[PDB]
Amino acid sequence: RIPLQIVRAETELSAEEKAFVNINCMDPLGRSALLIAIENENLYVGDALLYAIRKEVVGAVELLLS
Amino acid sequence: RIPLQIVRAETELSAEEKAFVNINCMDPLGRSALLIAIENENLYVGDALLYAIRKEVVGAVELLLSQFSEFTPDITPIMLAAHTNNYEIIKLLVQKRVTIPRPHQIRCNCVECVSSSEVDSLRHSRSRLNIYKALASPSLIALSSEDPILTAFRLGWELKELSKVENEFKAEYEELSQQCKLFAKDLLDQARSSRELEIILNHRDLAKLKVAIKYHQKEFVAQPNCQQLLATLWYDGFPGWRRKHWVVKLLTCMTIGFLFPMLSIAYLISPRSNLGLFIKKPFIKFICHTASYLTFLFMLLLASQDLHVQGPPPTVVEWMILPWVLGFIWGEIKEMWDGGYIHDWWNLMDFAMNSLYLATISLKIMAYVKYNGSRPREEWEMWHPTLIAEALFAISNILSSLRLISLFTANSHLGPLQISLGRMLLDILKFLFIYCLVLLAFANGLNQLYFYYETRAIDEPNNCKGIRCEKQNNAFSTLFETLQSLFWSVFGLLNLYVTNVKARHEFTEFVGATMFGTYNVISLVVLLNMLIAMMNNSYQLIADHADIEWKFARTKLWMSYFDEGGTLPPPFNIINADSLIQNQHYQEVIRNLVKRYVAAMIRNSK
Amino acid sequence: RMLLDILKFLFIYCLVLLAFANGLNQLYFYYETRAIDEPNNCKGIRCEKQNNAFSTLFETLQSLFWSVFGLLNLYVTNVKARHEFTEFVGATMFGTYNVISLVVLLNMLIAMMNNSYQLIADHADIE
Amino acid sequence: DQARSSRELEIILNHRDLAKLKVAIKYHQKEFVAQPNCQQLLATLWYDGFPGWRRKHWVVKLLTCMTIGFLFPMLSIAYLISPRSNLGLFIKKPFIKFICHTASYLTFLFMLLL
Amino acid sequence: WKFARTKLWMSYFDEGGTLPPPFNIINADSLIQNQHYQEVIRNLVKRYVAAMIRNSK
Ligand SMILES: Cn1c(=O)n(CCCO)c(=O)c2c1nc(Oc1cccc(OC(F)(F)F)c1)n2Cc1ccc(Cl)cc1
Ligand SMILES: Cn1c(=O)n(CCCO)c(=O)c2c1nc(Oc1cccc(OC(F)(F)F)c1)n2Cc1ccc(Cl)cc1
């Protein structure tokens, strides 16, 4: 058989952080809090402006003044 | 009328359960309660996990902790999760202990590779195809693989070799192989710097590019960033050979061409000097190897500018060619010794043009001894050694200069042609197999009618017989002569009066002219327009991949001048301390590549 | 615009022409006669009876050019001191030249011009 | 396309001897025939005595085909003097019958060239 | 091509012309067989209808 197991596994620091302690909750896909609040138009930043410019303009005016 | 009535009707046990007693109420379409609660995400199970894995992941985590099926009795949850190619479901299922049955091998004849394909042979083939469709998943290779690039190479190879052995199902194995080949390339597209592009190509010297070449990964090679890296090792001493003008390129290439005996006398008397290192850069080595082959062919054109000697001594030019010939015979011994060889169609023209030179020297020596004196050439026998050596020399002079066509892949304009014209040749060779049947049939028919009227070489004017005469005669009197007569009529070089006979019989001459005419119709109006019709369709399907195949071929032409073995042209040819850090950096690069490729493929699923 | 893809095809045909001219002249230059030994005191392939077709390189190139159009007769393969092994080899080299040039390299040019003209007729009104 | 086993693929093709494949051929059902599972079943009746004639090399195929071609008058003299023997049954497999019929037609045309 | 090769194959399956031309001139089960076919057809039609209804997306 071919045993399948996750090679080069990720880190999963805590479980209380799974339901949003650290506010910079990087998920398996590297989606922090702001990335989820930008992908869903719910209105440390890093480069969250590039993720807003690439979808639409509602929060782009918000991240441009904060 | 046609009375319509439900044949092989189903059963409807109760009416109370029509509005949901039995909780396992199978509807007409075999949809139980859980199937309806899964298709509608409302949040005895049987195989309801396979119906959840195949749509989405909300309740898949729920069913993972708690007959008529639409799935074959061999599909495993992990196999179907790999068929669907969803990253989050395959991850959830691989966190636990799941396995996949390893397929034995292409040509397996063990106890169960024969006793399973002799019971069903349908379930076996289907199970094998489903296993290979699960293994060839870009998401099951991303996670659960030490290096996903070598696994993709091996899988593409195994699946390409399986579409040939498995005569049927040839359409699914090629799409699986093209799915692996497209995954191994879309992972190299995610390199952001050049420091992490030389880590991938040098893993375990471009030691991974060679493994890509030996697996025919034409898309991994020919990737823009992989070619922009090879073009810097090629022009090792020409920084910016792409900004120059075509005249400054031509006059700089010809300047290196006219200096090949000087750059080559160094590296023999100064292997570690300034001038001695200038013929180790691959581009200069190329220009010196192809300006040494143009001195061997310009010297073959001079061998025609004292002919009654039965066995003559070698001439000046035949003394000035022998080093080239010996170097070519030697340099082809090593290459077929450092390996197997016949897959390169240029190694047959190169193995036959060196046997003819051997047969030429083996016959001009036999004729130097054993032959003393000089009699007129007008009365030599036809099988005279001096007449056969001078024929083999010309037969090999043709092949020596037909070899300059392999040098076309190096050019951006004539390379894609030479590569696209050589792929239109494998469909000509199978068309020149249909024409042989027609040639042989009509030659049999035309010789069966004309062999009674065969005259002699003396009864004919100028004492000459055959079709290479000024007045062609005896065209269909022998089979070996009928075949040549019918070959030379494709080009219009056979005159019609060869249909007549002396004792003029006007019924057999007409039948013999009608057989020749129907041959002409079949070969020059039917079988010749069909060849154009096929070449038109075969060239349209080729011009799509014409730029990837050319780059794959030019990469192999480049990689042959990167080593040090055959550095010197044929005329002068005969005169674990780091193995873990090198393996640890590759794993970090692979981690980053897989992460950003997954991120780029999830977002793009819209 | 169909002419820039012909000029790069008339570069492949030059290699074939040169290779086969080299091969056909290496075999036939011993039997070069004079302009007087021949009828009507005339030598070459522009004669009524063509002769000395493969005796010079400059003459072999013209002989192989004029065979694309069928204007070179087959009896130019013979020689006076008839050697039936060299005449057959010289006829077989001429025959393989004819196959490569008139059945292979000439249908390929049509196959390319068909594909090059379909991609051109789209922009034919803007150009 | 929905047959899951080979036991229920020979029930369909043998209904009323491949008695339904012949009805498909006589109606020009070019897609019912040429279905991968219908051809994978015919390729095992064709190579009736060559289990795995698809794993072999092309040279081992050629030299095994010409070996049967050069034995067509011996395999055919049996089945006439031994119709129920070991060697007499070797020319009832369809592939060997084919190789013997096309190596007997190549002896009639080589005799016409003579 | 496969339709033509199938007809070329089916011509060597019988026993009539087994021997090449040179030597050429020298209801008990009919109801179970019909009942199994009906079950196979029932299953095929069921799963084809299922795979065709779902596929309409
Ligand atoms: C096969 N064939 C042939 O062999 N001969 C040689 C016999 C003389 O030696 C012929 O003259 C000959 C011939 N087919 C012939 O008619 C064709 C009709 C249509 C197409 C075609 O094909 C193509 F379009 F031309 F390519 C050919 N004709 C001409 C002919 C002669 C007499 C009579 Cl009554 C009627 C027609
Ligand atoms: C290259 N070549 C050649 O040069 N000569 C001249 C020699 C006489 O001087 C030939 O007669 C000659 C020849 N190829 C020949 O068979 C072909 C088969 C298939 C295609 C083809 O190509 C095309 F479809 F026709 F275009 C040619 N034949 C005919 C022949 C002659 C003797 C024998 Cl045993 C077998 C075949």
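Values for this structure:
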| item | result |
| --- | --- |
| Karplus 3J(HN,Hα) series, Hz, for the range B:279-296 with 6.51 cos²θ - 1.76 cosθ + 1.60 (x for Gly, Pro) | 10, 10, 5, x, 5, 5, 4, 4, 5, 6, 6, 8, 9, 8, 7, 7, 8, 7 |
| Residue-wise HN-Hα coupling along the range B:167-180, computed from phi with Karplus coefficients 6.51, -1.76, 1.60 (Hz; x: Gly, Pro) | 4, 7, 6, 5, 8, 8, 5, 5, 6, 5, 5, 5, 6, 5 |
| Exercise: per-residue mean of other protein chain Cβ atoms within 10 Å, E:11-23 | 6 |
| Overall dimensions of the protein assembly as shown as given by Cα atoms, namely Rg and Dmax in Å | 36.9, 119 |
| C-alpha long axis of helix C:57-66 to longest principal axis of chain C, angle in ° | 60 degrees |
| Longest to shortest principal axis, alpha-carbon extents of the range E:1-49, angstrom | 53, 36, 7 |
| Which of B:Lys249, B:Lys133 has the fewest Cβ neighbours within 10 Å, and the rest in rising order | B:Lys249, B:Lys133 |
| Between 0 and 90°, nearest 10: helix C:105-118 axis offset from chain C longest Cα axis | 10 degrees |
| Number of partner chain Cβ atoms within 10 Å, mean per residue of B:397-406 | 5 |
| Computed P(r) (all Cα pairs; chain D; 10 Å bins; percent) | 11, 31, 29, 24, 4, 0 |
| Per-residue Cβ neighbour rank within 10 angstrom, fewest leading, B:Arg204, B:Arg423 | B:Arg204, B:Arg423 |
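No value in this document is a laboratory result; all are computed from the given coordinates. Quick reminder, even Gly has a Cβ in these numbers, built from the backbone with ideal geometry, and neighbours come from all protein chains shown.
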